[PDB]
Amino acid sequence: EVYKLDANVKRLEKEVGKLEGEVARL
């Protein structure tokens with residue numbers, strides 16, 4: 001369970017970062 005969750009969070013970390021990056025200049 002934990003092994004998968006760590007992977008989920010790592011991916012979300014990247015995805016939220018990308019979103020924060022795209023709305024950053026708006």
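Side chains included, hydrogens not; waters and symmetry mates left out as well; all remaining heavy atoms used. The first residue of the sequence shown is numbered 1, and numbering continues consecutively from there.
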Note to self: Once rounded to the nearest 0.5 Å, what's the spacing between atom CG of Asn8 and atom CD of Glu1?
What the structure shows: 9.5 Å

Notebook entry, point to check: Looking at side-chain heavy atoms only, is the closest gap between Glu15 and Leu19 below 4.5 Å?
Noted result: no

Check: Quick one: does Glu22's side chain get under 4.5 Å of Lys18's, heavy atoms only?
Finding: yes

